[PDB]
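Read the single chain below, which is given as structure tokens and is the form deposited in one PDB entry.
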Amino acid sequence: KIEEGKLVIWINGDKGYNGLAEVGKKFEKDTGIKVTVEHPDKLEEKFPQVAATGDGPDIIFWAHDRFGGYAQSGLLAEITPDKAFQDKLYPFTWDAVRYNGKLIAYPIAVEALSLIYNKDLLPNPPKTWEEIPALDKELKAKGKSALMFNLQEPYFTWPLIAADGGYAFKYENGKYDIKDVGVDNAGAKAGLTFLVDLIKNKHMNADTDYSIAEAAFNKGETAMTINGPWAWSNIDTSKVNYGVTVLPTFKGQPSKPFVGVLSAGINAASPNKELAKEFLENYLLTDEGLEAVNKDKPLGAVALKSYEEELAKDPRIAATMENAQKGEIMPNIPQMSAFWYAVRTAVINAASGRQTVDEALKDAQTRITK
């Protein structure tokens, strides 16, 4: 049993939950229907459990990738935003929230990796990946390094791997093709070959993780790193004059990072689907609504064209939108499970020198298929 005259909302801890409750109070003042917003631990795992019995929140906030699973399990109700409403948001964000051709969630925020550089150490960031070795050469003499990021996790290395022609799963028009995997092809091979070359020439370290990479940039040991909007508050505390810009290009093609769109999905067990869609469409996804949550905790880039243009006044938000625009929508299919481990290991083996770039990715594809 989900309650009648109310809306229960689930959101993560790192989101502006107190700001979302202010949108809920504004909603109640107009509707009489109260809105309870909760932020439980591991809600992404809690939801499938509570929802399957016919319970849980009316509306859940989480990344789109996890929503393709909930839809497949039949936990999310099919949403119907009108033609006029869909035009208020960036069209590619809609591709993230559609399982079986039908739309299943409302895009809220857009998140992707960007090139973060030290203005003092490098006033002009490179446009290309090919000119990194040249930049590191002139920075090593001053006891510093050009680029240092997380090499351990495939999410960070993928932008460069996918740039030349790599992809998780090919997207037909509304449905992915599990057969068609682009980790074992010229594009992905060329990306990883360059990544390994950056280690071979001692420009980057094979076993650099997130925390080792982040610490160096905040201290001013490395000139530039590649990270997401979450990391900005740390650099703000370091008082480092930094800039957020478009990711560098490889072989004439822009880096293709994975795109994570924060999505608002409604429970299929919810008797308040109509109460929810109104709240989402007409209260949250307005300039005032998104502002209330953003003023609590910064959302970064948003799907609402209107408010995005307002936020993009800050170059950091414009950069992360641009990289996401050129980025690759993270597939919402359950077959991504195989992808994450195989590519992790592929990049690990190639950076360790345990496997050659070619066989490391070939096995990784064979891991995914069958």
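All residue numbers are counted from 1 along the displayed sequence.
Here the subject shifts to the form deposited in another entry, a form of this protein not shown in this document.
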{"query": "Hinge residue among 57, 110, 159, 68 (rigid parts rotating between the shown form and the other one)", "finding": "110"}
{"query": "Outcome for the Cα pair residue 14, residue 220 in the other entry, compared with this form (closer or farther; change of 3 Å or more)", "finding": "closer"}
{"query": "Distance direction in the other entry for the C-alpha atoms of residue 113 and residue 14, relative to the displayed form (3 angstroms or more)", "finding": "closer"}
